[PDB]
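Here's the letter readout for the chains.
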Amino acid sequence: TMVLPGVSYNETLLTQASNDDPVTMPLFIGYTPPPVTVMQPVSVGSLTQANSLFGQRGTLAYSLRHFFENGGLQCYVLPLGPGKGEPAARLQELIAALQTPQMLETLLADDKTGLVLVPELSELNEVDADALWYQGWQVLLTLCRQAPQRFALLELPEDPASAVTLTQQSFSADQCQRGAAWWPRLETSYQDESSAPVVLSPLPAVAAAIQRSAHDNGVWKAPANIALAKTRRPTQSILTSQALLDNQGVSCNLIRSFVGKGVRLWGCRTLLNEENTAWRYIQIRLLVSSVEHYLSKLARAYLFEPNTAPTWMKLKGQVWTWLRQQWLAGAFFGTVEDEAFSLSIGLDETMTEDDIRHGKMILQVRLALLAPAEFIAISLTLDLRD
Amino acid sequence: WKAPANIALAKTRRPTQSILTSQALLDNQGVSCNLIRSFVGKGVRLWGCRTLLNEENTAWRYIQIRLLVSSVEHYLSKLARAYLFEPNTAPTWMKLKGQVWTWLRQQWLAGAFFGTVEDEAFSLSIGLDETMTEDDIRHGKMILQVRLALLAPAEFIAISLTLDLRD
Amino acid sequence: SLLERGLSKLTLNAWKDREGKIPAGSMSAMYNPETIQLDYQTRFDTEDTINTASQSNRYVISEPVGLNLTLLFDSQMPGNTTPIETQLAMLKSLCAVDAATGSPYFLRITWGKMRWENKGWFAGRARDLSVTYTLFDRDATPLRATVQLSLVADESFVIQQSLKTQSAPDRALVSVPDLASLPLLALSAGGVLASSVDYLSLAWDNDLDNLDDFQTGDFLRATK
Amino acid sequence: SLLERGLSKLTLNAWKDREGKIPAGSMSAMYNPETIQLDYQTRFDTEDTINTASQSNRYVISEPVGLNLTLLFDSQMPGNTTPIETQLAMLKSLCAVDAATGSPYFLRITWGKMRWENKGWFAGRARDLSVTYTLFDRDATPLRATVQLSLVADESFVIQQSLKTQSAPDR
Amino acid sequence: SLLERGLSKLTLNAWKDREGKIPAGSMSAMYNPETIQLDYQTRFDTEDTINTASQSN
Amino acid sequence: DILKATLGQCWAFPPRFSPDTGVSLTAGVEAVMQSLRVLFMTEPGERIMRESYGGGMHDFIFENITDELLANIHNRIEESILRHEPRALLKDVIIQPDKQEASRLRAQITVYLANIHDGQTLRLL
Amino acid sequence: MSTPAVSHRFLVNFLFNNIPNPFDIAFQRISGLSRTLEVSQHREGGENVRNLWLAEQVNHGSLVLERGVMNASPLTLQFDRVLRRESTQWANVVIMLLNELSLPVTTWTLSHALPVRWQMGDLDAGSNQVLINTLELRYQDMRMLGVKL
Amino acid sequence: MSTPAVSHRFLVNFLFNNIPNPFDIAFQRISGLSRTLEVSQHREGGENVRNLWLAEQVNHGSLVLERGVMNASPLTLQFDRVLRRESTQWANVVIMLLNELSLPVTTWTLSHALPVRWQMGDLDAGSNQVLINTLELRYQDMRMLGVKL
C-alpha cells in the first residue's frame, strides 16, 4: 500500500573499485568539457562514467571513448576549467596553465598515476605553431623529470618539416629518457555529427595499449605490435613522407597499418637516440620504475628502524626474495641468479660511518634486462651434400 | 530471518479490494502498510514485510528483523539465566562469553547474519571496565553486550542494460 | 562469498516433459558431495582407405556428458531430525520410471555458483542410483544412507536450438579494415559463417562496382 | 635455457576446419602436466597360408598416435586470482562439438622446446576429457579442477602431403 | 523406538503365484545383515541422427 | 544504416501515437535493447497464449541478498536471454546491493551484438 | 615483556542439552588441542626447484581428559548414556587458564563435543596409585579466545 | 681458523600482505631446514658393478617453530585467520643467526610460507612448565645467504 516492491529499470552506474597499477595509469589533462572540482584528479571507471561526467562530444570526451574502446582499464582526468573558445587562445592558455607551480603541487601530491598525457595539443595542427609545439613538449618533459615516476606521452605534428624541426630541437638527456612521441594522428570511426570522421591523437589509444599489455603480459614486454581497435587509418603513411627518417633527432614511434592485420603500433623506443644507453625501449623505463615502486614500498616499511646491522639484513632478505621471484617469472635476463640481479647493503660496502650517523641506509640493486626482437636478420645456407 | 512475504495464500478466492482502484494508502505520510495482492500465473500473495516504523534508516522495519533479534533474545536469555546465581567473578563472565560466542558463530555459519568474516558478523564485550563498573558489580549486575549485522531483503530489482558495441 | 557465509546446498529439480512446462517434485540434498565429476567422450573411427595417401579418422558420435556424484544422509545427530527415508523417498522416486507416462523424469542438478558444462544447470536423466544403508536402529529406521548418483546430459530442444543460432546465424556483417581486399574479406566472412563464401558472391550481393569498392570502415553483408 | 629462466606454459589452439584457415579460441593452461605420454600402435594380422613355406604377418592399419596429459587448476592461493571456471569454460568448449558445424575443433597442443612425434606441434582432436572438482567454497565457486585430457593424431592433408614429397619425389 | 527396545528381525515370506493367494513357507532370519544395498539402473541409447540439429538419447 | 537493415524494425515499447507521425518505431541496435526491457518487465503468464515469455524476476523480491540469491539472478537472466532473445549474447551481469538506501539490488546486464594476467606478479610478495 | 603462561591451572565448563545446569568439572590431564590445515604437494612440469602447496581442509584434533575415579558427576553419567547409546547429545565446552589472581588469560571454547571413548586405569595389587579414567571427545569446531592467544 | 657458529641466538622476521608492518618475533625452538634433491636409481642391462643416480626434483622441508603462550602477536592472530580459513595469505620469512656483537653471520630467507598447523602443549596439574605452542609452515622456495654458508 505504502510501498510497492517490484522490478524497476534505471541507468545508474554501479562502478568498480581500485585497479592499482599506478605506474601505467594515464592522466588526461585537457580542459573540462563544455560538477568536478577545478583541479583535483577524478577517477574515471568504465566508459559509462566517462559519459556521465564529461558528456559524449568534445575533445577530451572522444579521447576517453577511444581509451576504453581500445581496452583501457582505468583512467584519471585532471580538469583545468571551462576554457575560452577561439581555439588559438585556448591552446596558449593550456601551456600557460601547465607552467604554474600549482601543477607541481597536484602531480607530486598525487601518487595514483604514472602516465602524463595532454591530448589537446593535437589541436595545434589546425593552428607560431613551432614555438607552441616546443614549449608544449618541454613543459610536459619537466613535470615528469621532477615527479618521482611519471612518463610523458607526446606527439608530433602531422606536417613534415614541422615535425622535423621539433625533433631537431634541444632536449636534455635527463628529460628525453622519460617521454615518447607517436607520429601519425589517428582517423577514428566516430562521426563528427555529420558524414565526416573524427580525427584524434594516437595517445589515448597508446595509453590503453600500454596498460593492457602491462596487465596481461607484464610491463616488461613491449607496448608495440598492438592492433588499434576503432581506427580507420593513420592519416599519413611513411611511404609518402620520407622525412622523419633523418637520423639527426629524437627517436619517434610509427603507427602503421598492414594488409592481413589492422592498424598496429610499430615502435617502442624513447626520445633518447643513443645506441648504447639502455634508457630507450619504453618497457625498460617502465619496468625499472615498476621495481622502484615496489622496492620503495617495502623499504619504507623498514624506515624508522635502527641503523644496526640486523635491520640492514632484514631488508636484504626481503628484497632478495622478491627479486628472485621476478627473475623466475621471466622479467629479468640471465640463466643464473648471479647474472640476473645483485644486492649489496652493508657498512663498508655502500655506507660509511659518516653516512650512518646522518641516518642513511643505502642499498644497491643491479639488474639485467631483456632486449626486444626489433630486427630479424634471416640467412640461408645451401649445404651441398653430394 | 527470511521474510514473511512471497507466500501463496491457500484457500482464498481474492482480496476484496485491489490497489489499482484505490490509490489512497500510497500517501507517504503515515505508518507502513503491507499489501496482499494476487498475480496472474500465481495466486494470492502476501506482498510486504515492513513494520509500522516509516523510517528510512532505523532497521526496526522489516518484520523478520524484529522477529530474528527477538529469537536471539529468547535463546541468549535462556543460557544467561543458566549462569544467573553464580558469583560475579571473572571466571563466570568468561564462562558466559564462551557459550554465547559458540552459539552466535553457529548461526552466522547457518546463514542468519551478514558478514564474510566473523569480526563483522557479531561481537561480545563482557568485562569489568568494558561494560560493567565496580559499582555495577556490587549491586549484583552482569552486563553483556552483543552487536549484530543482519541481512537486507531484495525488495527492489533495478535492472539495467548495456549495449557494449564491439565493432 | 562477498556478502555472507551461509552454505548453498544442491537442488535436484524434476520435470516430466523434455522442457520445463510440467514440474514434478524437487528436493534439495544436505551434505554436499565433496567431489563432482563430469566425463566427456567423443568416438572416432579410423579411415582404412586403400589409397594410402593420408592417415585420418572420422567423427562418429559424441557420447553424452555423464555426471558422477555421491551423497550421504544421516539422522541421529541431534541437529538432524528429519528421518532419511523421507529424503530418500524422493531420490528413489525421481530417479525411476514415472507412473504417469512410463519414462524417467528429466532431472536438473544445480549448485549456487558452480557453472556446469557451459550453463548454470545440468539437465539430463538418471542412468544409475545405488543406496547402501549401513547403520540401523532397534526397529530399524535406517538413519545412514550413502547414495551414489550418476546422470547423463540430455538437454531440451529449445535450449540446444538457441545455442546454435548464437554461432553463425547465417549473416555475417563484416567490417572492412584499412588495406583490405576481397579474398581477405571472404576469409574473414568465411570464418563468421564457416561456409567458404567465394568472393564473387560478395561483390554481387553487396552491389560492388569494380571488386575494390569498400572504403575502410563500411560494412559488407555475407549470407551463407 | 641459454637466455633466461622464465617458464613456457603449454598452449591449446583450436580451429574449425582441418587446416589452419578458420581459428577458434585458444587457451594457455597454467600448471604444466609433469608428464606427457604418447602411445603408438600398429596392428598386424598373421598369414594363415596353407602352403606352410613361411611364417609372416601382414600390415593392416596403424592406429593414430594418442596423447595423454593431465592438468590442474587452482584459484585460492593469493597469486591465483582468475576463477578456474573461466579457464575451464574453454577446455569444456574446445573439447566438445561446435555449435557452428557439428564436429570437434581440431586442436593443436604445443610446448616451448618440446618436439612432438616429429614436428613442433601435436595436431588432432579430443577423444576424452574428465574434470573432477575436489574443493569448493561456501557458495561453491569450485577453485580446484584436476583435468584429464586425451587426444588423437589427425594431422591436416597439406602437411601430410608435404612430408611425402620429401621422401622419394619420383626423381 | 518410542515403546521398547526389542529387535525386529527380517522375515522372508514366499508364495507360489505372482500375487499373494498361494503362500509357501516363510522364515525369519537371525543376525540382521548390517548393510543392505539396492541398485537401480536405467538404460539409455544415444540417437545417432544424421540431421545434427540436437544431441539426445 | 545496415544495422537498421539486419536488425529488424518494430514499435517502441511505450506505444506513442501521434496524428502527424503514425507509430513511433525503434530500429536496429535500439530495437534489441527495446526487446530486452520487454523481456525483464514481462512475467510468465501475463501474455495470453504466450506463457513461456517472461523474465521472471518477481521470484526474487523477498529473498535476502545472501549470495544464494545473486547466483539465482545470474542464471535466470542468462537462461531467459537464451530462450527468448538469441539476437543478443551475454557478456556479464553484475549485481550489487545499493549502498545508500539498501534493499535495492542493482543489476547491470551487458550483452554483445551477436589469458592469466602476468603483470600482477610484480605487485605481490 | 609479560610473563608466559604456565599450564597447571585450568577450568572446564560443559553445557549439554539433556542437562539443564552448566557444570564445571576439575580434571588432571587435558591433553592438547591441535588444528592442521592438510595441504597437498603438486608437481609442475617445467619447475624442478620450488614447491607448490595447496590448501584443502582444516582438521581438528581430539579432547582427551583424565581425572580420578570420584563420585558420579553430571559428565560421567552423560558418557554412560552416550556409550550405552541412550543419547547422542553433545556439548559446548569452555576451557580456560587462570593467572595468579583469578583471571582467564586464554580460552579455547569447543563446539559440539561428542563423548567417544572411556578408558579405565589398571587394577594392580601392588600399585600405590589413584584409579584414573580417561575420557575422550570429538568436536566439530574450535575457537580460541582471550588476551594470551 | 674462524670459530664455528653456535645455535642459541636467532631473529625471525615476517612479512605478510594483510599486515602493513614487518614484525619480528622471538621463538624458542626453530626446528631446522632440509633440502633434498630426490634422485632415483636406474639399473642398466650389462652393467652390474656401478650405480646410476638420476636427478629429479628438489624437495624442501618444513619450518616448525616453538614459543610460549604469551600475549597475542601479529603472527598468532594470523595463524588464527588462516586456520579459520578467513585468509590464505603467506609470508616471506627471514631467519638469521647473530654473532657476539650483533652481526648476522647466516641468513635463511624463506619464501611464501603458509601456516598449516597449530599444536598446543599439555595441561597437567603437576607439571611445572610453560605452556608451549608449536607452529608449522610450508614454504615454496628457500635461499640461504650470509658469510657463514
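About the thresholds
- Residues numbered from 1 in each chain as written, not as in the entry; some residues may be left out.
- Chains lettered and ligands numbered in written order.
- Part of a larger assembly, values for the part shown.
- Heavy atoms only, no water.
- Helix = DSSP H or I, 4+ residues; strand = E, 2+ residues; numbered from the N terminus.
- Rg over C-alpha atoms; globule rule 2.2 N^0.38 Å.
- Buried < 20%, exposed > 50% of the residue type's maximum accessible area, 1.4 Å probe, protein only.
- Contact = heavy atoms within 4.5 Å.
- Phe/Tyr/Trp six-rings, centres within 6.5 Å; stacked < 30°, edge-to-face > 60°.
- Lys NZ or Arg CZ within 6 Å of the ring centre and 35° of its normal.
- Salt bridge = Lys/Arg side-chain N within 4 Å of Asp/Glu carboxyl O.
- Pairing = 2+ DSSP bridges.
- Axes fitted to C-alpha atoms, helices over the stretch in contact; angles between N-to-C directions.
- UniProt positions renumbered as here; feature names shortened; annotations may be inferred.
- Least-squares fit on C-alpha atoms.
- Patch = residues over 30% accessible without salt bridge, like charges linked within 9 Å, V, L, I, M, F, W, Y side chains within 5 Å.
- Areas by Shrake-Rupley, 256 points an atom, 1.4 Å probe, with all protein chains shown as cover.
- Buried area = accessible area lost by both parts, 1.4 Å probe.
- Polar contact = N/O pair within 3.5 Å; in protein donor to acceptor, adjacent residues only side chain to side chain.

Structure determination for this PDB entry is given in the record as cryo-EM, at a resolution of 3.1 Å.

J.: Where do I start with the overall build of chain C in this structure?
T.: The helix and strand tally for chain C stands at four helices and 10 strands. Going residue by residue from the N terminus, the α and β elements of chain C occur as β-β-β-β-α-β-β-β-β-α-β-α-α-β. Taken over C-alpha atoms, the radius of gyration comes to 27 Å for chain C, far larger than the 17 Å a tight globule of 224 residues would show. For the C-alpha atoms alone, the extent of chain C along its principal axes is close to 90 × 55 × 35 Å. Counting all 224 residues of chain C, 43% fall into the buried class. Here the contacts in chain C between residues at least 6 apart in sequence split such that 60% fall between residues at least 24 apart.

J.: It is not clear to me how the packing of aromatic side chains should be interpreted in this structure. Could you clarify?
T.: Per the counting criterion, the structure on display carries 28 aromatic pairs over all chains. With 4.8 Å between their ring centres and 20° between their planes, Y75 of chain B and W103 of chain B make a pair best called stacked. Of the two residues, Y75 of chain B sits in helix α1 (residues 63–80) while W103 of chain B sits in helix α2 (residues 90–108), which places them 28 residues apart along the sequence. For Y75 of chain B, a relative accessible area of 34% translates into the label partly exposed. Of the residues examined, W103 of chain B reaches a relative accessible area of 14% and is grouped as buried. Ring plane angle 70° and centroid distance 6.0 Å describe the contact between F14 of chain H and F27 of chain H, whose orientation is recorded as edge-to-face. Highlighted residues: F14 of chain H in strand β1 (residues 10–14) and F27 of chain H in the loop between β2 (23–24) and β3 (35–36), separated in sequence by 13 residues. With respect to burial, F14 of chain H and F27 of chain H carry one shared label: buried. The cationic tip of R18 of chain C hangs over the ring face of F157 of chain C; the distance from NZ or CZ to the ring centre is 4.5 Å.

J.: When you look at the pattern of salt bridges in this model, what are you seeing that I'm missing?
T.: Side chains carrying opposite charge are able to pair once their charged atoms draw close together. The tally for this structure, following the rule as stated, stands at 51 salt bridges over all chains. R324 of chain A is paired through a salt bridge with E337 of chain A; the nearest N and O atoms lie 3.1 Å apart. Here the residue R324 of chain A occupies a position in helix α10 (residues 309–327), and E337 of chain A occupies one in the loop between α10 and β13 (341–343), the gap between them amounting to 13 residues. With a shortest N-O distance of 3.7 Å, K119 of chain D and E117 of chain D are connected by a salt bridge.

J.: Help me understand the sheet that holds strand β6 (residues 122–124) of chain D, please; the structure alone is not making it clear to me.
T.: Adjacent strands of a sheet form backbone hydrogen bonds with each other and so pair up, either parallel or antiparallel. All names here are of chain D. Sheet architecture is open: four strands sit in the order β2-β1-β5-β6, paired in antiparallel fashion. The two strands at the open ends of the sheet, each matched to only one other strand, are β2 (23–29) and β6. Strand after strand, the sheet turns through a mean of 15° between neighbouring axes, direction not considered. Relative to β2, strand β1 (residues 10–15) runs antiparallel, the two being bridged by five bridges. Bridge assignment links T11 to a residue of β2, and that residue is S28.

J.: Help me understand the UniProt feature "domain: Contractile injection system tube protein N-terminal" (unreviewed entry) in chain C in this model?
T.: Within the UniProt annotation, "domain: Contractile injection system tube protein N-terminal" (unreviewed entry) is assigned to residues 7–155 of chain C. From the first C-alpha to the last, residues 7–155 of chain C spans 28 Å; its make-up is 7% helix and 35% strand.

J.: I would appreciate a short explanation of the sheet that holds strand β5 (residues 156–162) of chain B in the present structure.
T.: Ordered in space as β1(A)-β5(B)-β4(F)-β3(F), the four strands form an open sheet in which the pairing is mixed. In this open sheet, the two strands that pair with only one neighbour each are β1 (7–9) of chain A together with β3 (92–97) of chain F. Strand-to-strand twist in this sheet, taken as the mean axis angle between neighbours without regard to direction, amounts to 25°. Pairing between β1 of chain A and β5 of chain B: three bridges, direction parallel. Across the sheet, residue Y9 of chain A finds its bridge partner in β5 of chain B, namely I159 of chain B.

J.: Just checking my understanding: could you explain the relation of the copies chain H and chain G for this structure?
T.: Each of the two chain copies can be brought onto the other by rotation about an axis and movement along it. Overlaying chain H with chain G gives an RMSD of 0.0 Å, the required rotation being 60° about an axis along which the chain moves by 0.0 Å. Here the copies are linked by what is in effect a six-fold axis. When the interface residues of chain H are mapped onto chain G, a mere 2% of them again fall at the interface, so the copies present different faces.

J.: What should I look at first to understand a nonpolar patch on the surface in this one?
T.: All names here are of chain F. A cluster of nonpolar side chains, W11, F17, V23 and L25, forms an exposed patch at the surface whose accessible area comes to about 420 Å². Assignment of secondary structure puts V23 in the loop between β1 (9–11) and β2 (25–27). You can call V23 partly exposed: its relative accessible area is 31%.

J.: Teacher, can you tell me more about the interface of chain H and chain G here?
T.: Interfaces are often sized by the accessible area lost when the parts come together. The partner chain G presents 39 residues to the 40 residues of chain H that form the contact. Between chain H and chain G, roughly 3,800 Å² of surface is buried when both sides are summed, and carbon and sulfur atoms account for 53% of that area. Sorting the residues of chain H by area buried against chain G places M70, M120 and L123 of chain H first, and these three jointly supply 19% of that buried surface. At the boundary of chain H and chain G, one finds four salt bridges. Residues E38 of chain H and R43 of chain G are paired through a salt bridge, measuring 3.4 Å at the closest nitrogen-oxygen approach. Linking chain H with chain G are 21 residue pairs in polar contact, by the criterion used here. At the level of elements, β6 (59–60), α1 (76–83), β10 (110–119), β11 (123–124) and β12 (132–138) of chain H are the ones that each hand at least two residues to the side of chain H that touches chain G. Among the elements that take part in the side of chain H that touches chain G, β10 of chain H stands out by supplying six residues, more than any other. The pairing of strand β4 (residues 34–36) of chain G with β10 of chain H spans three bridges and is classified as antiparallel. Paired with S34 of chain G across the two strands is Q119 of chain H, which belongs to β10 of chain H.

J.: I tried to follow the environment of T6 of chain F on my own but got confused; where do I start?
T.: For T6 of chain F, the position within the fold is in helix α1 (residues 2–6). The spacing of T6 of chain F and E51 of chain F is 45 residues in sequence and 28 Å in space, taken between C-alpha atoms. Not counting residues within four places of it along the chain, the set of residues in contact with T6 of chain F comprises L173 and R221 of chain C.

J.: Just to check I follow, could you spell out unusual backbone geometry for this structure?
T.: Across the chain, the bulk of peptide bonds are trans and the bulk of non-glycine residues have phi less than zero. Phi is positive for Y62 of chain B, close to 60°, though the residue is something other than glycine. Looking at where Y62 of chain B falls in the secondary structure, it is placed in the loop between β2 (44–47) and α1. With phi around 75°, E34 of chain D is a residue other than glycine that occupies positive phi space. You can see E34 of chain D is positioned in the loop between β2 and β3 (36–46). Judged by its relative accessible area of 45%, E34 of chain D falls in the partly exposed class.

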